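The form deposited in one PDB entry is given below as one chain in structure tokens.
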């Protein structure tokens, strides 16, 4: 379904920007002149001046110096942003199976935003740190974070969070006495071990479905076997937690 968005900006109750003025600016950038610009954009020369002069006055910047100033370019960038996201916005709107729309930036960023952390899990703030319940419903974590960063992330009971944990920040132990003194403990079964000259990648099947990745010094992985039940452990302050609002 063809779909588009048109934007008009008004300042002080008057007309500041509208597609025809943005097209005037872009034809000005292209042509290197106001008169050629107006012609390409389809308006009179005097009307191109009236628009540029009104824009300058209402915004209190200078938009055209012919070249555009920085302020002028970024005004076009603000239009280009809208045009970058419209099709995502229309797809969010037409999504008959979605729950109610809370945050359009969070909706368009839930499934596209990816990270380089090999462990990337979803959770909710359950009731200096916060506790997080993972999405398969049983696993709890403790995440070190001040009351104030918690406030800046919007950490309320139930807020969805993204939890990030590099593989080399994860310890792997077969000793319950080591694991029990860790902040976070995730029992699981080793499903793959890959031994290199300095490092060993461990993948572990967590009881509830996802696969945890740890990267440990090889000499610490010597007795480990695929099939074996072990415990992954990490400090509360190793985890990065993110929210989208």
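The term rigid core refers to the maximal set of C-alpha atoms that superpose within 1.5 Å between the two forms. Positions refer to the first chain, counted from 1.
Although not depicted, the form deposited in another entry is the subject of the following passage.
S.K.: For residue 59, decide whether the Cα shift between the shown form and the other one is 2 Å or greater, given a superposition on the rigid core.
M.R.: Residue 59 C-alpha, core-superposed: shift of 2 Å or more.
S.K.: So with the core overlaid, does the Cα of residue 201 end up 2 Å or more away between the shown form and the other one?
M.R.: For residue 201, whose C-alpha is compared between the shown form and the other one after core superposition, the shift is less than 2 Å.
S.K.: Quick one: core overlaid, is residue 28 moving 2 Å or more at the Cα between the shown form and the other one?
M.R.: It does shift by 2 Å or more.
S.K.: Do residue 234 and residue 109 move together or apart in the other form, judged by C-alpha distance changing 3 Å or more?
M.R.: Relative to the displayed form, residue 234 and residue 109 draw closer in the other form - a change of at least 3 Å between their C-alphas.
S.K.: With a C-alpha distance change of 3 Å or more, do residue 106 and residue 148 lie closer or farther in the other form?
M.R.: Farther apart, by at least 3 Å.
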